[PDB]
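Input: a single structure, listed below in structure tokens.
Basis: the model, the stated rules and, where named, an outside source; no laboratory read-out is quoted. Note: ideal-geometry Cβ built from the backbone for every residue, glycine included; neighbour counts use all protein chains shown.
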Amino acid sequence: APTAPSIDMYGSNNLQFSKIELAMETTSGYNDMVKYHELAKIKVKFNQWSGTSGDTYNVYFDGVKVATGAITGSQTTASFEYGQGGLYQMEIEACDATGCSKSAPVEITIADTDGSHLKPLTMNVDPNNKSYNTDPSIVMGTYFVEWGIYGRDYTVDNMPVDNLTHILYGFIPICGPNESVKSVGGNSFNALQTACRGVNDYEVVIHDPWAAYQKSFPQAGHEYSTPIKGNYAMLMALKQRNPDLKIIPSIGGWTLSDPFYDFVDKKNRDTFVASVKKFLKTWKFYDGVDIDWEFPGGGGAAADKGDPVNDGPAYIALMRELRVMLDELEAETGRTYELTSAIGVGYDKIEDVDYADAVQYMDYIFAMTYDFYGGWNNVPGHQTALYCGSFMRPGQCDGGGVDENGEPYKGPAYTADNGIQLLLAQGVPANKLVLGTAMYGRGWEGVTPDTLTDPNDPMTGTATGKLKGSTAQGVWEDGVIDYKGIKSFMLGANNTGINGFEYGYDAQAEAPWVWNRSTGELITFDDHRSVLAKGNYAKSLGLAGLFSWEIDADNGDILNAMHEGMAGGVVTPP
Ligand SMILES: Cc1cc(N)c2ccccc2[n+]1CCCCCCCCCC[n+]1c(C)cc(N)c2ccccc21
């Protein structure tokens with residue numbers, strides 16, 4: 001028989017092959033950094049110095065033949081293509097008429113962006129996240145933000161994945177006009193210019209390739225030479241651990257919505273839809289697409305953009321077009337893909353899209369039932385309430401009244417139920433609506449007792465400015481605080497108030513607050529009670545479930561209350 005092949009490990013890239021080529025140690029345009037191949041090119045060098053070399057070789061993976069070719073004397077290179085990622089025991093055999101001899105088996109890795117070559121991720125979850133047996137029909141969603149791996153120090157292996165059905169990854173930008181990104185400060189707009197170099201406008205890109213796929217995380221077993229690293233490699237390993245988890249890229253958001261306003265022109269929608277198909281074929285751990293255009297008709301970050309006439313029909317066409325493209329991918333892959341969108345729930349946002357039309361294309365609507373009041377002005381109120389608070393004036397709730405100056409309210413006040421009823425009344429199915437919970441507060445300072453028109457209620461006061469604080473307190477920008485910050489700095493373990501704060505609750509609105517009467521610091525947020533109320537409301541109306549913004553700001557209490565409030569409930573999936 002021929003001499004047995006001896007595999008030249010170093011001549012064969014130590015048997016590590018990848019279907020994706022990712023640029024490391026540089027930041028450049030997306031199409032220069034990211035190259036995907038439907039088949040891996042496998043090249044393995046072997047030698048047969050002693051004896052006869054034979055005529056033909058065969059390559060086996062886990063004892064099954066996967067390739068054959070000719071022997072070329074004393075040194076041969078087996079080259080073939082392979083589609084399926086994984087770890088395999090490889091043997092190379094040489095054959096001629098006298099018989100066949102085979103190399104010792106050696107492990108070959110073929111990396112793919114489904115994580116098929118990876119072991120389940122090792123988790124490091126705060127044990128204050130408890131175990132539940134929520135029915136699997138109910139949505140339990142959250143957003144994980146790409147930048148939370150820096151100062152926020154919150155990584156993929158910190159998420160309480162057993163308690164989540166859907167992780168929305170915030171956020172994939174669209175190349176094009178993006179002046180609103182300058183409001184984040186820092187390198188964000190410039191990093192986007194770099195990512196979009198050589199990329200057509202209206203195509204998606206990765207905003208931060210360091211965080212997405214270059215950074216080595218030691219908890220994930222990454223090495224500098226590992227071919228996929230970052231958050232994305234951890235998300236692939238997380239999908240191996242929890243295969244029924246849905247991980248969905250969120251495109252846009254408040255900061256990154258400026259290109260959507262140009263989707264009135266179908267040519268820019270076609271460019272975008274094709275880029276998203278490409279993106280989902282490249283990053284196979286993703287399960288659909290979430291569109292967070294804030295907002296059709298304007299009212300977002302870009303004060304000079306928004307078309308109340310034309311953006312709704314653009315949004316609806318976008319959904320129709322995306323769903324045609326996702327049906328293509330389902331045909332091609334045999335998988336199921338979801339299409340979702342997070343939306344504004346003020347009456348002035350909902351009036352600009354005919355959701356009765358759009359929702360036929362969509363699996364879920366993530367209703368942004370938060371941010372109703374905030375430090376952008378000096379008017380206190382409940383930022384994430386279900387119902388109208390005590391502080392509101394007569395007629396403010398339904399919009400028929402007049403304000404303190406005699407001026408008509410223009411529409412119903414910003415509460416979750418005013419928005420959810422407007423969507424239900426036009427025929428959006430309850431089982432496609434997901435209700436938002438906040439894992440953060442918004443706040444003011446200067447709300448001292450002398451400013452209240454009702455002494456029992458600080459939401460009747462007036463502020464002098466935004467809440468101020470440090471990042472160790474969870475205050476990453478003035479006026480906003482992480483829930484885990486409110487717990488450590490204002491509530492305490494017993495939830496009765498520390499550091500001069502007192503807790504209160506508006507039982508009509510279903511909304512908690514903490515208030516320090518000395519400093520006038522007042523923070524509106526969601527807590528165990530108000531999230532239980534949201535779960536109960538979701539069970540009562542047959543909503544699909546709950547989601548939250550943003551997971552890194554919870555200490556487990558808010559996700560636990562999301563589950564607790566849904567106990568017993570089931571829903572018909574869309
Ligand atoms: C930090 C960070 C870090 C990054 N690398 C980053 C990268 C990409 C995108 C965002 C990024 N972010 C920022 C992510 C920002 C998430 C939250 C944005 C919503 C802000 C509230 C919106 N809002 C509402 C609703 C109503 C108002 N009247 C109003 C008035 C003034 C200002 C805002 C107002």
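Given the residues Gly469, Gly479, which is the only one that is of a type in the set (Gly, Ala, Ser), within 16 Å of the ligand (Cβ to nearest atom) and farther than 29 Å from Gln396 by Cβ?
Of the residues listed, the single one that is of a type in the set (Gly, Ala, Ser), within 16 Å of the ligand (Cβ to nearest atom) and farther than 29 Å from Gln396 by Cβ is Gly469.
Return the only residue of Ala425, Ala413 being away from the ligand (no atom under 16 Å from the Cβ) and assigned by CATH to the domain that holds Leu168.
Working: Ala413 fails: away from the ligand (no atom under 16 Å from the Cβ).
Just one listed residue meets the conditions, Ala425.
Mind checking which pairs have a first residue in the range 132-159 that is assigned to a loop (DSSP other than H, G, I, E, B) and a second that is within 16 Å of the ligand (Cβ to nearest atom) and polar (S, T, N, Q), Cβ under 7 Å, 6 or more apart or different chains?
Final answer for the pair search is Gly151/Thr471.
Being outside any loop (DSSP other than H, G, I, E, B) and either of a type in the set (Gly, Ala, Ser) or surrounded by fewer than 17 Cβ atoms within 10 Å (Cβ to Cβ) (or both) is the filter here, so list the residues in the range 291-312 that pass it. If you could, list the steps in order and put the result at the bottom.
Restricting attention to the range 291-312, the residues satisfying the condition of being outside any loop (DSSP other than H, G, I, E, B) are 291-293, 311-312.
If the condition is that a residue be outside any loop (DSSP other than H, G, I, E, B) and either of a type in the set (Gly, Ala, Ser) or surrounded by fewer than 17 Cβ atoms within 10 Å (Cβ to Cβ) (or both), then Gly312 is the only one that fits.
Within the range 43-62, is even one residue among the hydroxyl-bearing types (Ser, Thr, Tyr), in contact with a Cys (Cβ under 9 Å, 6 or more places away or on another chain) and surrounded by 14 or more Cβ atoms within 10 Å (Cβ to Cβ)? Outline the logic, then answer.
Residues of the range 43-62 that are among the hydroxyl-bearing types (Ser, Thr, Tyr), as a first pass: 50, 52-53, 56-57, 60.
Within this subset, residues satisfying the condition of being in contact with a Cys (Cβ under 9 Å, 6 or more places away or on another chain) are 56-57.
With the extra rule that they be surrounded by 14 or more Cβ atoms within 10 Å (Cβ to Cβ), the set shrinks to 56-57.
So far as the range 43-62 goes, yes, one or more of its residues are among the hydroxyl-bearing types (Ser, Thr, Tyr), in contact with a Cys (Cβ under 9 Å, 6 or more places away or on another chain) and surrounded by 14 or more Cβ atoms within 10 Å (Cβ to Cβ).
Evaluate the range 504-526: report whether one residue or more is of a type in the set (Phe, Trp, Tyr), touching a residue at least 24 places away in the same chain (Cβ under 8 Å) and surrounded by fewer than 21 Cβ atoms within 10 Å (Cβ to Cβ).
Our first condition is that a residue be of a type in the set (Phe, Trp, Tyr); within the range 504-526, this holds for 505, 513, 515, 525.
With touching a residue at least 24 places away in the same chain (Cβ under 8 Å) added as a condition, the list becomes 505, 513, 515, 525.
Going one step further and asking which of them are surrounded by fewer than 21 Cβ atoms within 10 Å (Cβ to Cβ), we end up with 505.
Among the residues of the range 504-526, at least one is of a type in the set (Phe, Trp, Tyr), touching a residue at least 24 places away in the same chain (Cβ under 8 Å) and surrounded by fewer than 21 Cβ atoms within 10 Å (Cβ to Cβ), which makes the answer yes.
Do we have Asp162 as more than 10 Å from the ligand (Cβ to nearest atom), in a helix (DSSP H, G or I), in the same structural domain as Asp201 (by CATH) and not β-branched (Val, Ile, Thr) here?
Working: more than 10 Å from the ligand (Cβ to nearest atom): yes; in a helix (DSSP H, G or I): yes; in the same structural domain as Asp201 (by CATH): yes; not β-branched (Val, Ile, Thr): yes.
In short, yes.
Please give the helices (runs of 4 or more DSSP H) falling wholly within the range 467-574 in which 1 or more residues are of a type in the set (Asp, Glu). Spell out how you get there, then give the answer.
Values: elements: 483-486, 528-541, 557-564.
Because the criterion is at least 1 residues that are of a type in the set (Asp, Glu), the helices (runs of 4 or more DSSP H) in the range 467-574 that meet it are 557-564.
Hey, can you tell me all the residues within the range 531-551 that are within 16 Å of the ligand (Cβ to nearest atom) and β-branched (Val, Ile, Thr)? Walk me through how you get there before you give the answer.
Within the range 531-551, the first condition is being within 16 Å of the ligand (Cβ to nearest atom), and the residues that meet it are 547-551.
The one that is within 16 Å of the ligand (Cβ to nearest atom) and β-branched (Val, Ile, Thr): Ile551.
Among the residues of the range 121-134, is there at least one that is in contact with a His (Cβ under 7 Å, 6 or more places away or on another chain) and either among the hydroxyl-bearing types (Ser, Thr, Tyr) or in the same structural domain as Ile228 (by CATH) (or both)? So that I can check it myself, show each step before the final result.
At the first step, the residues of the range 121-134 found to be in contact with a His (Cβ under 7 Å, 6 or more places away or on another chain) are 132, 134.
Subset that is either among the hydroxyl-bearing types (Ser, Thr, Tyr) or in the same structural domain as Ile228 (by CATH) (or both): 132, 134.
Scanning the range 121-134 turns up at least one residue that is in contact with a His (Cβ under 7 Å, 6 or more places away or on another chain) and either among the hydroxyl-bearing types (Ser, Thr, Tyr) or in the same structural domain as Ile228 (by CATH) (or both).
State yes or no: is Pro408 out of contact with any strand residue (DSSP E or B) (no Cβ under 7 Å at 6 or more places or on another chain), over 19 Å from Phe547 (Cβ atoms) and assigned by CATH to the domain that holds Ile551? Write out each step before concluding.
On the way: out of contact with any strand residue (DSSP E or B) (no Cβ under 7 Å at 6 or more places or on another chain): no; over 19 Å from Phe547 (Cβ atoms): yes; assigned by CATH to the domain that holds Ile551: yes.
No: the conditions fail for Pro408.
Which members of the range 148-159 meet the condition of being farther than 18 Å from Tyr483 by Cβ and near the ligand (Cβ under 10 Å from one of its atoms)?
Applying the first criterion (farther than 18 Å from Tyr483 by Cβ) to the range 148-159 yields 149-150, 155-157.
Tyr150, the sole residue that qualifies.
Checking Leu235 against (1) within 16 Å of the ligand (Cβ to nearest atom); (2) buried (at least 22 other Cβ atoms within 10 Å of the Cβ), which single condition isn't satisfied?
In the conditions (1) within 16 Å of the ligand (Cβ to nearest atom); (2) buried (at least 22 other Cβ atoms within 10 Å of the Cβ), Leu235 misses (1) alone.
Let's see how each residue does on (1) assigned by CATH to the domain that holds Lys215; (2) aliphatic (A, V, I, L, M); (3) in contact with a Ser or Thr (Cβ under 6 Å, 6 or more places away or on another chain):
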| position | (1), (2), (3) |
| --- | --- |
| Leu22 | no, yes, no |
| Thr26 | no, no, no |
| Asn47 | no, no, yes |
| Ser50 | no, no, yes |
| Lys65 | no, no, no |
| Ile71 | no, yes, yes |
| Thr76 | no, no, no |
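I'd like the full set of residues that are among the small types (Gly, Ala, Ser) and surrounded by 15 or more Cβ atoms within 10 Å (Cβ to Cβ), limited to the range 91-148.
As a first pass, look at the range 91-148 and keep what is among the small types (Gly, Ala, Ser): 94, 97, 99, 101, 103-104, 111, 115-116, 131, 137, 141, 148.
Correct list: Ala94, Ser101, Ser103, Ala111, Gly115, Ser116, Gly141, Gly148.
Restricting attention to the range 244-257, does a residue exist that is surrounded by 18 or more Cβ atoms within 10 Å (Cβ to Cβ), assigned to a loop (DSSP other than H, G, I, E, B), away from the ligand (no atom under 15 Å from the Cβ) and in contact (Cβ under 8 Å) with a residue 12 or more places away in the chain? Write out each step before concluding.
First, the residues of the range 244-257 that are surrounded by 18 or more Cβ atoms within 10 Å (Cβ to Cβ): 245-253, 255-257.
Next, only the ones that are assigned to a loop (DSSP other than H, G, I, E, B) stay: 245, 255-257.
Among the residues that remain, those that are also away from the ligand (no atom under 15 Å from the Cβ) are: 245.
Remaining after also requiring in contact (Cβ under 8 Å) with a residue 12 or more places away in the chain: 245.
So far as the range 244-257 goes, yes, one or more of its residues are surrounded by 18 or more Cβ atoms within 10 Å (Cβ to Cβ), assigned to a loop (DSSP other than H, G, I, E, B), away from the ligand (no atom under 15 Å from the Cβ) and in contact (Cβ under 8 Å) with a residue 12 or more places away in the chain.
Scanning for something of a type outside the set (S, T, N, Q) and within 16 Å of the ligand (Cβ to nearest atom), does the range 329-339 turn up at least one residue? Quick ask: steps written out before the conclusion?
Filtering the range 329-339 down to residues of a type outside the set (S, T, N, Q) leaves 329-332, 334-335, 337-339.
If we keep only those that are within 16 Å of the ligand (Cβ to nearest atom) too, we end up with none.
Looking for residues that are of a type outside the set (S, T, N, Q) and within 16 Å of the ligand (Cβ to nearest atom), one finds none in the range 329-339, hence no.
From the list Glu179, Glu223, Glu203, exactly one residue is more than 19 Å from the chain's Cα centre (by Cα) and either closer than 20 Å to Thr155 by Cα or surrounded by 17 or more Cβ atoms within 10 Å (Cβ to Cβ) (or both). Which is it?
Working: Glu179 fails: either closer than 20 Å to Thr155 by Cα or surrounded by 17 or more Cβ atoms within 10 Å (Cβ to Cβ) (or both); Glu203 fails: more than 19 Å from the chain's Cα centre (by Cα).
Just a single option satisfies the conditions, and that option is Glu223.
Name the single residue, out of those in the range 264-305 being away from the ligand (no atom under 15 Å from the Cβ) and of a type in the set (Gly, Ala, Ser), that is nearest to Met368 (Cα to Cα).
By that ranking, first place goes to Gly288.
If I go through the range 165-206 residue by residue, how many of them are assigned to a loop (DSSP other than H, G, I, E, B), within 12 Å of the ligand (Cβ to nearest atom) and under 18 Å from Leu339 (Cα atoms)?
Summing the residues that are assigned to a loop (DSSP other than H, G, I, E, B), within 12 Å of the ligand (Cβ to nearest atom) and under 18 Å from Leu339 (Cα atoms) in the range 165-206 gives 1.
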